[PDB]
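This document starts with one chain, in the form deposited in one PDB entry, laid out as structure tokens.
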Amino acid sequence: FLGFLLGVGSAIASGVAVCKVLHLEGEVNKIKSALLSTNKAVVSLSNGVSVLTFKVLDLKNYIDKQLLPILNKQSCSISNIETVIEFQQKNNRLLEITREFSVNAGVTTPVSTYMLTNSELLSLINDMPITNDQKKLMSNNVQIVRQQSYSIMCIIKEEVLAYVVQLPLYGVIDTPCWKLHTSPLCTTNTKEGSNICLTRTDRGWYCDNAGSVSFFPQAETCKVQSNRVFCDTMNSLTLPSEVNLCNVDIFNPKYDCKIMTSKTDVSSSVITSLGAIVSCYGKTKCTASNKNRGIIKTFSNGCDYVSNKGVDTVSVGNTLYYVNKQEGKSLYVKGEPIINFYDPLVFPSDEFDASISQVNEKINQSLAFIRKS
């Protein structure tokens, strides 16, 4: 929800600065030299950036040493298909890299196999100035490293093609993360509408990071494997650790908990890691079923939860949800719905991006006029 609150930055800005340097004055020859003896070499830029350079595919030594005698004539008398196939094969990668840059106006993401192969990528990781453990992490999650990487087209100066592959660095590893799932909380009165709602807006991923908590408002941006949560700090907000108070106590003074108000009595379900939150309102059919046994729980009006244990499916109206079948324990923490603490009249029904105290100020303000007048 809170996605609009995020700042802005250019992801490719570091890789772009490497292109600026690769142009002047010239530096292309500096790396062409370094890549004559080996297919891979570390190079220090005049800028002073120590950059790992790779000679993936050498078309020069193939066209010059295998195709050039045939065309520097005369008459192309000698030829063989075992060379036409070998050339078609060799050339393809350049053709496929060229295809990719032509649609993505010289900046691709994820970094494709043609841009950098698995063996090339795993070698690049293993030759990076990173921790022994950090190398293992990246190698075991290449699929993610590719999705979090960028490929920037740079230049074709003198006899050379250069494109910058910009790979992630994980400065925060093995710190505790948690996912907060929120759904609307509404009064369950027997009337047409005339119901008041409240929804926690703070839904998203949360990670302890440098004494604060990194908040990912659009949980849709993070990639998750098993325990492992892969995020980009650019898609975060850095909040005080007291943000976690809103879970146990939303009325705490230490942190003003982000909520939104409505009269939108709409039914829905949120599928969590280990269960399902059901926001059931009106004349809606809200159910949790097991494949073989059928309906195992019928949800009453209000907000409830069901654990994945022995539940495969949750149905809210005409919508069917498959619950995640992950092994883990869940805890129901019984409590009086926060919405019951509010007088319907004098309660501010249209706060789009509010908080507990904002709502409480508005309640007093409105209340005072009725009493003072």
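Numbering starts at 1 and runs along the sequence shown. By rigid core we mean the largest C-alpha set that fits within 1.5 Å across both forms.
Beyond the structure shown, there is the form deposited in another entry, which is absent from this document and is the topic of what follows.
- Only 44, out of 319, 44, 324, 340, shows a C-alpha shift of 2 Å or more between this form and the one not shown on alignment of the rigid core.
- Once both forms are fitted on their core, a CA shift of 2 Å or more is seen for residue 74 between this form and the one not shown.
- When two forms of a protein are overlaid on their rigid core, residues whose CA moves 2 Å or more are considered shifted, and residue 86 is one of them between this form and the one not shown.
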